[PDB]
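See below for the structure under consideration.
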Amino acid sequence: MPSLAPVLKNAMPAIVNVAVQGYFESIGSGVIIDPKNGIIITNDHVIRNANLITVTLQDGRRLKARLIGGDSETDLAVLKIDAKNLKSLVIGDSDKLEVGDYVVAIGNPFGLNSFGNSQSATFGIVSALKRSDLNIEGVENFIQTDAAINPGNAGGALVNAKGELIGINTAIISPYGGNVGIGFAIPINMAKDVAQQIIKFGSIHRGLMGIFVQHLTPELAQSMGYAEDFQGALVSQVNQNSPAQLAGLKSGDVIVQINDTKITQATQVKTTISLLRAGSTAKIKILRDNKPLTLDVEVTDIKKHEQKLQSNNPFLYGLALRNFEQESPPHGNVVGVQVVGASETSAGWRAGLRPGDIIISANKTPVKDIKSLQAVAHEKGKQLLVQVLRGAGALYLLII
Amino acid sequence: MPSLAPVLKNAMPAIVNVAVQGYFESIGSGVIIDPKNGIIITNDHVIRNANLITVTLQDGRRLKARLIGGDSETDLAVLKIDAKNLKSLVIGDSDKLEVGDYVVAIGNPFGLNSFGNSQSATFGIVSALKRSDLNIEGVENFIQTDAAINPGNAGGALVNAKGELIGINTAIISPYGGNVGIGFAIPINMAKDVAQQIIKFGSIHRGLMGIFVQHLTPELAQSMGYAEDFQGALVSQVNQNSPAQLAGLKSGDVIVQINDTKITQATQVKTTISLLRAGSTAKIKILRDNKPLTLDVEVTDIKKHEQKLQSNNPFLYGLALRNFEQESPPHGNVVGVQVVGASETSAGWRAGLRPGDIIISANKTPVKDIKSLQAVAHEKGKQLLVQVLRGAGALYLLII
Amino acid sequence: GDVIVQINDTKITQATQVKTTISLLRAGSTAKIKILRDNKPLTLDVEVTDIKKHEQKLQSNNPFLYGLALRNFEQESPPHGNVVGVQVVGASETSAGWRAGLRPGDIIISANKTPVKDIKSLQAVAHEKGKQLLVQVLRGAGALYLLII
């Protein structure tokens, strides 16, 4: 007989039961990645805010679990179980998945197996790949399956016909919270990378290139000189003083490949960079007009680069400024720069500077334009003193 | 072509439609077990409280159905149809089922086939086996399937890839009552046994061994001297004056096999005994410590055992008694037995004895403890006369 | 019945002063307590000990039954018949017993396959040291096996 029984026999031990207690009892599933060190993988939201987490095997053993690390962005987490005689599953290649491939989802939906010896298997094909824009997670590269995934199936395994592990069941789209044949799983290659990174450092340190990326439609590709069937990631903006700008990356460029990964659409860029660790160079392969180029862009920590940026310009950082000219009573003819916006973390905001203020003098020197203001700001003192107009009133502020 | 069409062709005639009218119209499905005598099987809850039940075949024939018997505990029922030229399907072995085997569920969901010629087939694998603790039915040994089972699928057939009958679709778990890929069917071996027992006696007469069973976890197994991977049904309690107690069964014993059926977990004991008929001996194979033993335990009707139990101790039966000593005004020093609880069926309760009462005298003889009370109870009279303390007051009661 | 009359330098004239005087003291430091037992003057040196530490010294002394309130129990309760053992009046959520799934109202009839008729007997079985103590309890009509580690 044509059956999935033999293959599923060799996969079920690897899938376990996770029980959670917090300040509140949550249940979910887990997969055993490395039976040697006894470490299992599951969804972050399962073990979120958890005092005690308990893992039960098909053996029937109940074991206290220790939390190595977790990542809210990709909804992944790694646990260590202090046990032996654990069994595991062969890991597979999610990048080789094709729509229409048969898959089985193994997990504990509705807490059905009290004793852990009977996980639930549900059967389906791969509906779609590389799902994004779902807004379920910060970083999404989902596998879409019509195999039945319900509450409690999270952290469960999604396996191909051979029984290799290709995904971790995460979320579903439902009008009423029950499975309607649409479910999502995190591809194992992405998931394994996150896990292996977690064990090594205890957390994921992520960086930004400071680039905005736009989907490249065929209509749009023609106007930029490319072929209709051309594919890639269009670069709409490269931010000011960003690692991308330093590398020489420009607007109108089309990202065609990042490192080993090849890029055919914009949504692929964010997922590729998210796996990369901060402080490490990323090889970006682009086409500027129709000329091939290769750029090495630093992937930089968010907080760290925000200090280098403040260091360059301490006083005026985090401020949106517009040149301002108006005849406003009782001030009379007013010429200076207006504070369109201020950052709550900025030196200006701390000083009491507010949006809508008009800066007329800095360090007792009249300011008629932004370029003049930046000059006075450029010369370095412990503090910059500014005089601003707030409504009918005026104020003196000290940016330290 | 790789299809289920040929096999389902030889299965669809066996599945029929059941229509019910009561005081209220209910619809469901049925399967034809014996075409010779024209007997069909279905869920008990379909034909519950039913004045007239009508069966329609794929032939298009509509037939009045007669109710042989039904069992609320396993939610099964047998119907006899007075017709000829009926077709049926080969019955199969549910015990040979494995998780991942392809199965099809045949029934009339939502009443879609008005004329009976087009049952609905739904395709899925076997999600799990031996489901229990669901608390849907009194006796549960369900097959879990992700094939689509909806209202009106009850009493329908669940068939393997060969087209053999392996289950009767019974219940689903859903947040909103629609199929979410989790559905349950009664394994055919169990269902066939119930049916054949019904045909023979018209009802199921069930008995209790008076034994409490606990799941044996590997952690728990070690401390009792067994292997970590050992499996069985731990005997937590053997009731007082029970058939199990007479046979010599004790706490700490592990049921490893009952009759032909081998036992690997606690939930299997209840389902196994449920099939057994009262007044029939059950062969119980246990391990006391690590020593193999065999005991033959009588499976006894509940009403009969409680009459043997009442006969043994007539007056004080159904009473929970605690030795009582207290200095309570206006009684002064009070010594006697206190009625912690009384059974509404008890001789004591009928006599007007209530919980909280303190028995200080029996048959004009002072009672200072339970053992003394039981002695006075042991000597036989048509009635036992007791003197009780009810609050500040006292009462004389006559227990017959 | 002893009367604290002075702690260290601070002299004590009413009860509320004891708590405030000790509250200032740092853990792991000896406190000089001056009392009157009946009408005879005495001086005692009492260790001021951390709460978490003392509760670890306390668990070590009695590992299995710590955090439990136990009462001797005798009752004739169907369907058990004559029941004699110790009843769990209360359990502490931090106790080894509570973790094992032991609940108040349970009646312990056996420990390590040995029948238990009273607290003194239970404490004896608990006193002999194993990694775990196995107990059999009565919960309502049912009975349960628990493993206290």
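Every chain in the structure tokens takes a letter, A first, then B, and so on in the order presented; its residues are numbered from 1, and the ligands are numbered from 1 following the presented order.
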
Using only C-alpha atoms, I'd like a table of the residues in chain A that come within 7 Å of chain B; for each, show the closest atom pair and its distance in Å rounded to one decimal, ordered by chain and ascending number, as a Markdown table.
```
| residue | atom | partner | partner_atom | distance |
| --- | --- | --- | --- | --- |
| A:3 | CA | B:101 | CA | 5.1 |
| A:4 | CA | B:100 | CA | 4.6 |
| A:5 | CA | B:100 | CA | 4.4 |
| A:8 | CA | B:100 | CA | 6.6 |
| A:60 | CA | B:217 | CA | 6.0 |
| A:61 | CA | B:218 | CA | 6.0 |
| A:118 | CA | B:128 | CA | 6.3 |
| A:119 | CA | B:128 | CA | 6.9 |
| A:120 | CA | B:127 | CA | 5.0 |
| A:121 | CA | B:127 | CA | 4.4 |
| A:122 | CA | B:127 | CA | 5.8 |
| A:123 | CA | B:125 | CA | 6.3 |
| A:148 | CA | B:181 | CA | 5.3 |
| A:178 | CA | B:180 | CA | 5.8 |
| A:179 | CA | B:180 | CA | 4.8 |
| A:180 | CA | B:180 | CA | 6.5 |
```

Can you write just those residues out, N, CA and C atoms, as a CSV table (one decimal), in the first residue's frame?
```csv
chain,number,residue,atom,x,y,z
A,3,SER,N,1.6,4.5,1.4
A,3,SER,CA,1.4,5.2,2.7
A,3,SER,C,2.5,6.0,3.2
A,4,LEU,N,2.2,7.0,4.1
A,4,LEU,CA,3.2,7.8,4.8
A,4,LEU,C,3.5,7.3,6.1
A,5,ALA,N,3.0,6.1,6.5
A,5,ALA,CA,3.2,5.5,7.8
A,5,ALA,C,4.7,5.2,8.0
A,8,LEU,N,6.6,8.5,8.6
A,8,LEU,CA,6.2,9.2,9.8
A,8,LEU,C,6.6,8.5,11.1
A,60,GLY,N,7.3,9.5,26.8
A,60,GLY,CA,6.4,9.7,28.0
A,60,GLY,C,7.1,10.4,29.1
A,61,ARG,N,8.4,10.7,28.8
A,61,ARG,CA,9.2,11.4,29.8
A,61,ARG,C,8.8,12.9,29.9
A,118,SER,N,1.3,10.3,21.3
A,118,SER,CA,0.5,10.4,20.1
A,118,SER,C,0.4,11.8,19.5
A,119,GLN,N,1.4,12.3,18.9
A,119,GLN,CA,1.4,13.6,18.2
A,119,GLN,C,0.4,13.5,17.1
A,120,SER,N,-0.1,14.6,16.6
A,120,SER,CA,-1.1,14.6,15.5
A,120,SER,C,-0.4,14.9,14.1
A,121,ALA,N,-0.7,14.1,13.2
A,121,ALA,CA,-0.1,14.3,11.8
A,121,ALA,C,-1.3,14.8,10.9
A,122,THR,N,-1.0,15.8,10.2
A,122,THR,CA,-2.0,16.3,9.2
A,122,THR,C,-1.3,16.5,7.9
A,123,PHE,N,-2.0,16.2,6.8
A,123,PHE,CA,-1.5,16.0,5.5
A,123,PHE,C,-1.9,17.1,4.5
A,148,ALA,N,-3.4,20.7,7.9
A,148,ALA,CA,-4.2,21.3,9.0
A,148,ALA,C,-3.4,21.7,10.2
A,178,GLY,N,-9.9,29.1,13.5
A,178,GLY,CA,-9.8,27.7,13.2
A,178,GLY,C,-9.2,27.5,11.8
A,179,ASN,N,-8.5,26.3,11.6
A,179,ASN,CA,-7.9,26.1,10.3
A,179,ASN,C,-8.8,26.1,9.1
A,180,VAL,N,-8.6,27.0,8.2
A,180,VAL,CA,-9.4,27.0,6.9
A,180,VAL,C,-8.6,26.6,5.7
```

Margin query: I want to know what sits within 10 Å of residue 344 (chain A), based on only C-alpha atoms, with residues of the same chain fewer than 4 positions away left out; could you give that as a ChimeraX atom specification?
Written below: /A:318-319,348-350,353-354

May I have the residues from that selection written out with N, CA and C atoms, as a PDB file, in the first residue's frame?
```
ATOM      1  N   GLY A 318      18.803  64.743  14.737  1.00  0.00           N
ATOM      2  CA  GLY A 318      17.439  64.360  15.061  1.00  0.00           C
ATOM      3  C   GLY A 318      16.426  65.461  14.822  1.00  0.00           C
ATOM      4  N   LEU A 319      16.836  66.479  14.077  1.00  0.00           N
ATOM      5  CA  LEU A 319      15.976  67.623  13.837  1.00  0.00           C
ATOM      6  C   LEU A 319      15.659  67.783  12.361  1.00  0.00           C
ATOM      7  N   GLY A 348      18.498  68.342  21.048  1.00  0.00           N
ATOM      8  CA  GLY A 348      17.610  69.487  20.966  1.00  0.00           C
ATOM      9  C   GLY A 348      16.358  69.312  21.808  1.00  0.00           C
ATOM     10  N   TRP A 349      15.734  68.143  21.707  1.00  0.00           N
ATOM     11  CA  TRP A 349      14.495  67.865  22.431  1.00  0.00           C
ATOM     12  C   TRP A 349      14.708  67.908  23.941  1.00  0.00           C
ATOM     13  N   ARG A 350      15.825  67.352  24.396  1.00  0.00           N
ATOM     14  CA  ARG A 350      16.165  67.364  25.813  1.00  0.00           C
ATOM     15  C   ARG A 350      16.316  68.805  26.284  1.00  0.00           C
ATOM     16  N   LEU A 353      13.723  72.108  23.071  1.00  0.00           N
ATOM     17  CA  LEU A 353      13.364  72.520  21.718  1.00  0.00           C
ATOM     18  C   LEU A 353      12.156  71.723  21.247  1.00  0.00           C
ATOM     19  N   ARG A 354      11.219  72.406  20.600  1.00  0.00           N
ATOM     20  CA  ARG A 354       9.974  71.781  20.176  1.00  0.00           C
ATOM     21  C   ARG A 354       9.747  72.058  18.701  1.00  0.00           C
TER      22      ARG A 354
END
```

Margin query: So that I can see what lies close to region 168-170 of chain B, please list as a PyMOL selection string the residues with an atom at most 6 Å from it, counting only C-alpha atoms and leaving out residues fewer than 6 positions away in the same chain.
Written below: chain B and resi 154-158+184-186

Selection from above, N, CA, C and O atoms, as an mmCIF file, in the first residue's frame, can you write it?
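Generated file (out-v9.cif):
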```cif
data_model
loop_
_atom_site.group_PDB
_atom_site.id
_atom_site.type_symbol
_atom_site.label_atom_id
_atom_site.label_comp_id
_atom_site.auth_asym_id
_atom_site.auth_seq_id
_atom_site.Cartn_x
_atom_site.Cartn_y
_atom_site.Cartn_z
ATOM 1 N N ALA B 154 -22.047 11.871 10.581
ATOM 2 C CA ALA B 154 -22.116 10.902 11.669
ATOM 3 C C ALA B 154 -22.687 9.571 11.204
ATOM 4 O O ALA B 154 -23.629 9.528 10.415
ATOM 5 N N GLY B 155 -22.095 8.486 11.688
ATOM 6 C CA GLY B 155 -22.509 7.154 11.295
ATOM 7 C C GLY B 155 -21.961 6.800 9.930
ATOM 8 O O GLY B 155 -22.175 5.697 9.430
ATOM 9 N N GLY B 156 -21.238 7.743 9.336
ATOM 10 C CA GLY B 156 -20.650 7.544 8.028
ATOM 11 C C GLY B 156 -19.488 6.580 8.108
ATOM 12 O O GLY B 156 -19.105 6.142 9.192
ATOM 13 N N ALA B 157 -18.924 6.248 6.956
ATOM 14 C CA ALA B 157 -17.810 5.317 6.912
ATOM 15 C C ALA B 157 -16.482 6.045 6.814
ATOM 16 O O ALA B 157 -16.381 7.096 6.181
ATOM 17 N N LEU B 158 -15.468 5.487 7.461
ATOM 18 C CA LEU B 158 -14.101 5.914 7.234
ATOM 19 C C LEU B 158 -13.413 4.686 6.658
ATOM 20 O O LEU B 158 -13.386 3.628 7.289
ATOM 21 N N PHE B 184 -12.939 12.591 14.431
ATOM 22 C CA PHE B 184 -12.746 11.312 15.104
ATOM 23 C C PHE B 184 -13.704 10.250 14.606
ATOM 24 O O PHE B 184 -14.859 10.533 14.297
ATOM 25 N N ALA B 185 -13.216 9.020 14.537
ATOM 26 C CA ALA B 185 -14.044 7.905 14.113
ATOM 27 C C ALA B 185 -13.791 6.702 15.010
ATOM 28 O O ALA B 185 -12.672 6.484 15.476
ATOM 29 N N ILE B 186 -14.835 5.915 15.237
ATOM 30 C CA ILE B 186 -14.731 4.740 16.084
ATOM 31 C C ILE B 186 -14.135 3.598 15.274
ATOM 32 O O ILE B 186 -14.660 3.247 14.220
#
```

Check: Any idea what the distance is between CA of residue 129 (chain C) and CA of residue 113 (chain C)?
Finding: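 Interatomic distance here is 14.8 Å.
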
Next item on the list: Could you tell me, as a VMD selection string, which residues of region 304-360 of chain A DSSP assigns to helix (DSSP H, G or I) when given the backbone?
Entry: chain A and resid 304 to 312 347 to 350

Those residues you just picked out, can you put them in a file as a PDB file, in the first residue's frame with N, CA and C atoms?
```pdb
ATOM      1  N   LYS A 304      24.583  51.587  17.640  1.00  0.00           N
ATOM      2  CA  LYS A 304      25.975  51.996  17.456  1.00  0.00           C
ATOM      3  C   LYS A 304      26.181  53.078  16.402  1.00  0.00           C
ATOM      4  N   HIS A 305      25.508  52.919  15.276  1.00  0.00           N
ATOM      5  CA  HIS A 305      25.607  53.845  14.166  1.00  0.00           C
ATOM      6  C   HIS A 305      24.905  55.178  14.531  1.00  0.00           C
ATOM      7  N   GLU A 306      24.036  55.129  15.545  1.00  0.00           N
ATOM      8  CA  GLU A 306      23.266  56.295  15.981  1.00  0.00           C
ATOM      9  C   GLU A 306      24.136  57.155  16.901  1.00  0.00           C
ATOM     10  N   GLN A 307      25.296  56.620  17.268  1.00  0.00           N
ATOM     11  CA  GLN A 307      26.265  57.326  18.102  1.00  0.00           C
ATOM     12  C   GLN A 307      27.316  57.966  17.215  1.00  0.00           C
ATOM     13  N   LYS A 308      27.704  57.239  16.174  1.00  0.00           N
ATOM     14  CA  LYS A 308      28.608  57.757  15.156  1.00  0.00           C
ATOM     15  C   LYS A 308      27.952  58.929  14.425  1.00  0.00           C
ATOM     16  N   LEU A 309      26.637  58.842  14.245  1.00  0.00           N
ATOM     17  CA  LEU A 309      25.886  59.897  13.574  1.00  0.00           C
ATOM     18  C   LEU A 309      25.738  61.131  14.460  1.00  0.00           C
ATOM     19  N   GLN A 310      25.533  60.912  15.755  1.00  0.00           N
ATOM     20  CA  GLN A 310      25.482  62.011  16.714  1.00  0.00           C
ATOM     21  C   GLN A 310      26.844  62.665  16.877  1.00  0.00           C
ATOM     22  N   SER A 311      27.892  61.853  16.841  1.00  0.00           N
ATOM     23  CA  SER A 311      29.244  62.359  17.008  1.00  0.00           C
ATOM     24  C   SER A 311      29.586  63.347  15.900  1.00  0.00           C
ATOM     25  N   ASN A 312      29.155  63.040  14.683  1.00  0.00           N
ATOM     26  CA  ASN A 312      29.423  63.908  13.547  1.00  0.00           C
ATOM     27  C   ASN A 312      28.769  65.277  13.715  1.00  0.00           C
ATOM     28  N   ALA A 347      19.412  65.776  21.215  1.00  0.00           N
ATOM     29  CA  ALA A 347      19.961  66.749  22.146  1.00  0.00           C
ATOM     30  C   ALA A 347      19.088  67.999  22.189  1.00  0.00           C
ATOM     31  N   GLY A 348      18.498  68.342  21.048  1.00  0.00           N
ATOM     32  CA  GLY A 348      17.610  69.487  20.966  1.00  0.00           C
ATOM     33  C   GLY A 348      16.358  69.312  21.808  1.00  0.00           C
ATOM     34  N   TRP A 349      15.734  68.143  21.707  1.00  0.00           N
ATOM     35  CA  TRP A 349      14.495  67.865  22.431  1.00  0.00           C
ATOM     36  C   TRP A 349      14.708  67.908  23.941  1.00  0.00           C
ATOM     37  N   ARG A 350      15.825  67.352  24.396  1.00  0.00           N
ATOM     38  CA  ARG A 350      16.165  67.364  25.813  1.00  0.00           C
ATOM     39  C   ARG A 350      16.316  68.805  26.284  1.00  0.00           C
TER      40      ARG A 350
END
```

Notebook entry, point to check: Using only C-alpha atoms, which residues sit within 6 Å of region 76-78 of chain C once same-chain residues fewer than 5 positions away are excluded, as a list in words?
Noted result: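 Everything that qualifies: residues 320 and 321 of chain B; 83 of chain C.
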